[PDB]
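Cβ coordinates were reconstructed from backbone atoms using ideal geometry, including for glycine residues, and neighbour counts include every protein chain displayed. The numbers here are math on the coordinates, done by the rules we state, and not lab data.
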Amino acid sequence: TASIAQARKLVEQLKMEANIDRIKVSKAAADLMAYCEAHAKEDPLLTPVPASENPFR
Amino acid sequence: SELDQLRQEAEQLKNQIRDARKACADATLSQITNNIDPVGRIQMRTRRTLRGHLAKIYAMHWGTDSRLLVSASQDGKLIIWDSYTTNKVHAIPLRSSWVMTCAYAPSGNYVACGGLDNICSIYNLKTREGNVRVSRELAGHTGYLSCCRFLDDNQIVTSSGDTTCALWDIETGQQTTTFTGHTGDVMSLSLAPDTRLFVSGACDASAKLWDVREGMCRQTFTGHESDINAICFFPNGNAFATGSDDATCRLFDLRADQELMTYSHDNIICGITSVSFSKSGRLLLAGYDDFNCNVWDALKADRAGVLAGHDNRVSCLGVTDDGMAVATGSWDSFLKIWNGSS
Amino acid sequence: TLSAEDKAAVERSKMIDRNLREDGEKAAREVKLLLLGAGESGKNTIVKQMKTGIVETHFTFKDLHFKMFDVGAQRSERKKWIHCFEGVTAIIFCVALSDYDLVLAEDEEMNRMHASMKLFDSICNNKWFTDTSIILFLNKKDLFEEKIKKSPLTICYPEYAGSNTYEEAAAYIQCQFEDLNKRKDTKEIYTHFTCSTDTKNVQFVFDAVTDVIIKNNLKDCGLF
Amino acid sequence: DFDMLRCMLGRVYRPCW
Amino acid sequence: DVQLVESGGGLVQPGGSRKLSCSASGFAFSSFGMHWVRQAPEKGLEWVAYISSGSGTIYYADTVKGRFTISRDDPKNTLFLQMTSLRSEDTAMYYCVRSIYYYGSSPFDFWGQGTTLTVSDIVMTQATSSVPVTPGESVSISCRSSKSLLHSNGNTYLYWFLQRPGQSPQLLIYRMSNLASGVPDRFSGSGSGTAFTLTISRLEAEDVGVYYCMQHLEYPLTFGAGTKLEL
Amino acid sequence: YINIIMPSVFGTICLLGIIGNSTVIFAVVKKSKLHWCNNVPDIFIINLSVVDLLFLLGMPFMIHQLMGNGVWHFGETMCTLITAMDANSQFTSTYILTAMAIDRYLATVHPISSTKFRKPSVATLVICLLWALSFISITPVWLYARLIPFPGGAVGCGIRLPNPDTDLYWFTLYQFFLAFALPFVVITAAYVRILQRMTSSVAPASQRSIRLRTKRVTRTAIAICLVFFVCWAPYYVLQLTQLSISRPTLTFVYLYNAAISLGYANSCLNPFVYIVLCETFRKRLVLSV
């Protein structure tokens, strides 16, 4: 009776995942774009720092 | 009879989840980020070369101070480096030389490692004896240890090849929570910035979002065609990127509950070993089997740079907490520190 | 330019380099053997004579130290960890000769010998073991001789049309495994007929490993 | 452009005997 | 437990030779660099010699170079100080001090009990010899250096040691700001350049002693005169 | 054409040999992860290229008194130093080449018992000892390297023995034995023992892999012995020939200078023999390109 017990567990898990709240992709995409914009200046790899401020000269 | 009805109900639930994702898929990340300027060309130089490992390096992890890092190699050595001066701080001899992962505690007092022995070993770095000693050996996994990450000095989450993830209480040596639901070997995990959720990628081509305190799978993410070897959280904790054997990187949104963007190129056919974002999340850095590391534009899916300095497969990489440098490990037994210049 | 503590930290780093250098020299003089094979193929007999997730056995034979790794307990995906043994001295593959007229317990449709041949083909031709020599142990030769009198070898190999004797049936089985070698130039296969009471198995490994060591020395010296 | 008839010893000359 | 025991002291004639031994236990002796620091009667701390881990680097004080010899036996976990041509200036309590040198380490963290021997340059200044203190009252102790102890790597190599009466010196602050392991948080280290301060909050009875400041920027290692706190 | 053909041969050998030797030195250093860690063959092959590089670097200084006007333009002080330096490079490279064959003999005929002493520390000690033996072997060279006044106003670097009637024999014979005869016997003997002990009894000689291994190693062993012999036998054959010769002729002089260039060609062919005949090095080199 392993298969029948496993089937109930799989179905119950899918119920939890199907009842979650989802935002629009446009709303989600805008948040990622906004975060990268607000933190671009403090990204040494995106914007290299002067050699005086680089600990790996 | 009863089994037949249940398996049909699972298909209906999967269709309901799929239709719900398509309902909120009003736009695309490419369409939203179409008008922004590209990051241009990302050029990084090898600032440091960490020599001392005599076998292929499988894992590295940066310390929270952005200066110390730990590397795990098949030569049975766990080495902690001073990245500013290339000085070796400690060389920890491992009882098993088949290590596959290593972790650095955010406090800096501990490191962890594990491999084909199914043991996550905790090492104390701050002792009155002046040496490094094994503080704990976590047993209970029936498969190889693929990844491990400290939450604090007392809690660590490990992923194993037995299709399960476990949350361990290091003081008692017992796993308090077991995370089940993957049908394939779990190869990587990534803690959220607040350490309340973690995502794991397995060999079933799926990634699952887990609640650490609740102990259950919240969301399941699909889209990859083969095993997921790497996974990493976005800086704000609302997204994560996966690295799979199908030569693709994909971005998933937790709130949108669906894939946002794919990072693939026609010239790339090799698998992906490691993935990591930059400090701002604009740059996605992925390691590949073709001995190179590609820098991707996370918002535009454009390859922005290549870190080609290894003679063998890039097995691991990591970015410092301050975003100053990126370290790449490889099977040629060398670690390299990279950053740009003005 | 370094401070007093910076100089002493560099001195400690070079002390660490000294021990790492010393450990690598000791490691390079040790023989790493990967033990493979199907179930009930006599792998446990090999470990007993030459005496978690991976079982590691150490023994010294004629001033040579061997490290034999058993990965039979790893029930995970082999391709996710088979590259961890890239660089071993040799691979020891165990095949049960008597398991030619038998079938797999789980499948009940594929012959046991075909499973060993398929496993041998997946390991010998693996991309991580392109130049890795294989020590092929053909076990249970005494039981195979008893079986071959009653059960003909044609059950396992329909194309076999030789004499129904051990001296010929065993040779045909040996050629089948050696024919699976897709790279007959970059590697060699050392075939040995062990037994449940054979006491010359460790000598064969020492001789076979010595040939591998010579080949590696020739490559290192540039002659090869 | 000379009389190259001198006695040699190794890669250097020697006085003829 | 970590323990350093010194032996070999005693009364000697001028120009004689005496051997000092330091027995180490409870820690990885071979991984630590070892120092000899002597304290003349009713005087401060004077660094003598240093042997690095692995015996690769050896330093001596100018007043003892050519006469004192320092050596270690890692298998036996023993430190030696071969002293010849002893002078009356050598009458001091000699301490065995362990120091390990890596990034983020705490040198001079443990001191031995010391052995008494009787014979029959950056300047560190502590202007205030004695400070009358009361329990629960905040105390500040100042130290000065002729040369700036700040280095180009960002580290300011100043150390604070507390020597309670009848006990060996104990590390409080290493590199001018870091609190040593086991030291209460009420001890804080502040300073910049050539001026440094050791601030004590809610002083207790166990804080009574002589406080020394030492520089580790470059050899030879020099101590301050020592500021004494008394009830 | 004689005044231009001879400098071209020496110039081609010097430039081509330096390219080959510098390629070997650069590639070998890159391979090491931790230096002096299980790289005994690498230590021999880099020191052989270093000595060969010095031999080719010092070639133009020694040969400028043979092509233009037969005049030494460096004085007596440099004549003694350069002649000793050139002779030392020839002896050191021959000694390292001989020791490399002995090291290969130990690694192939004694795979297990030689690991006790085939350490990088021992290899460095042996190579430094070969430099010491090369300095001692060239002692008569720099003790007698004096300027020789030729007829006319021209002078040239050379060897003036205290008893040229009798000392010409032991000076020639001892260099013939130490630099050509003894090393050739050892090098040839070491490799013929390698070809007789490069396999094992268990090894399936009937398999293509074992047969291919013997074919490639035999080709390499023959080439190394043949390159050393071809590049040095005529040089030392003409060395013993001139003992009886009193008045050299044009034909003998032309042959003698060509034999000198063959000796320099040995330092040019040695790096390329390793590059061409080693698949591991050649394939690795192409990947770096």
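Between segment C:77-114 and segment C:11-71, what is the C-alpha centre distance in whole Å?
Distance between centres, Cα-based: 21 Å.
Within 10 Å of each Cβ in peptide F:263-271, how many partner chain Cβ atoms are there on average? Round it to a whole number, please.
Neighbouring Cβ atoms belonging to other protein chains average 0 per residue here.
Quick one: if you stick a label point 7 Å off each Cα along the C-beta vector at E:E206 and F:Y254, how many nm between them?
10.0 nm
So who's got an amide H within less than 5 Å of the one on B:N229, skipping anything under 5 residues away but keeping other chains? H placed 1.01 Å off N, in plane.
B:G243, B:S244, B:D245
Could you work out the local net charge near B:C203, counting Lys and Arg as +1, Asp and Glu as -1, over the other residues with Cβ closer than 14 Å to its Cβ?
-3
Return the distance in nm (one decimal) between the two label points of a simple spin-label model at B:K126 and B:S30, each offset 7 Å from Cα along Cα→Cβ.
Once both label points are built, they end up 5.0 nm from each other.
Once you've got the GNM for chain F with C-alpha springs shorter than 10 Å, pick whichever of F:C37, F:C231, F:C79 has the biggest mean-square fluctuation.
In this elastic network of chain F, the residue with the biggest mean-square fluctuation among F:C37, F:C231, F:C79 is F:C37.
Could you work out, residue by residue across F:202-214, how many beta carbons of other chains sit within 10 Å of that residue's beta carbon, and then give the average as an integer?
Per residue, the number of nearby Cβ atoms from other chains is 6 on average.
Taking H as built 1.01 Å from N, whose amide H comes closer than 5 Å to the amide H of B:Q155, not counting residues under 5 places away?
Residues meeting the criterion, in which the H sits 1.01 Å from N, are B:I170.
Where does segment E:143-231 land on Rg(C-alpha)/(2.2 N^0.38 Å)?
Cα-based Rg divided by the globular estimate yields 1.05.
Where does helix F:250-277 land angle-wise versus the long Cα axis of chain F, in degrees 0 to 90, nearest 10?
Its long axis makes an angle of about 20 degrees.
Taking each residue in B:320-331, count the Cβ atoms of any other chain within 10 Å of its Cβ, then average. What number comes out?
3
Listed highest first by mean packing, meaning other Cβ atoms within 10 Å per residue, what order do C:1-8, B:73-80 come in?
Ranking the peptides C:1-8, B:73-80 by packing returns B:73-80, C:1-8.
If packing is taken as the mean number of other Cβ atoms within 10 Å per residue, what is the order of B:248-256, A:22-30, F:148-156, highest first?
The packing order, highest mean first, is B:248-256, A:22-30, F:148-156.
Counting other Cβ atoms within 10 Å of each Cβ, which GluC sites (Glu not before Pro) in segment C:62-138 have at most 11 and sit in a DSSP loop?
C:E106, C:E108, C:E109
In what order do F:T80, E:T134 fall by count of nearby beta-carbon atoms within 10 Å, going from fewest to most?
Placing the least packed residue first, the sequence is E:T134, F:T80.
How would you order E:57-66, F:241-250 from highest to lowest mean count of nearby Cβ atoms within 10 Å?
Highest-to-lowest ranking by the protection proxy: E:57-66, F:241-250.
Cross-link partners among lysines for C:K140, C-alpha distance below 19 Å, same-chain residues fewer than 8 apart left out?
Within the straight-line limit of under 19 Å, C:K140 reaches these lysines: C:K43, C:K48, C:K149, C:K150, C:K200.
What does segment E:1-93 give for Rg and for Dmax, in Å, if only its C-alpha atoms count?
13.2, 38
If you take every residue apart from F:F272 with its C-beta less than 12 Å away from the C-beta of F:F272, what net charge results, scoring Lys and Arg +1 and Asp and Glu -1?
Overall, the nearby charge balance is 0.
Please list, in chain and number order, the residues 5+ apart from B:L94 or on another chain whose amide H is under 5 Å from its amide H, with Hs placed from the backbone.
Those lying under 5 Å, H to H, from B:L94 are B:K77, B:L78.
For segment F:178-287, which semi-axes, largest first and in whole Å, follow from the square roots of 5 times the eigenvalues of its Cα gyration tensor?
So the equivalent ellipsoid measures 37, 18, 9 Å along its semi-axes.
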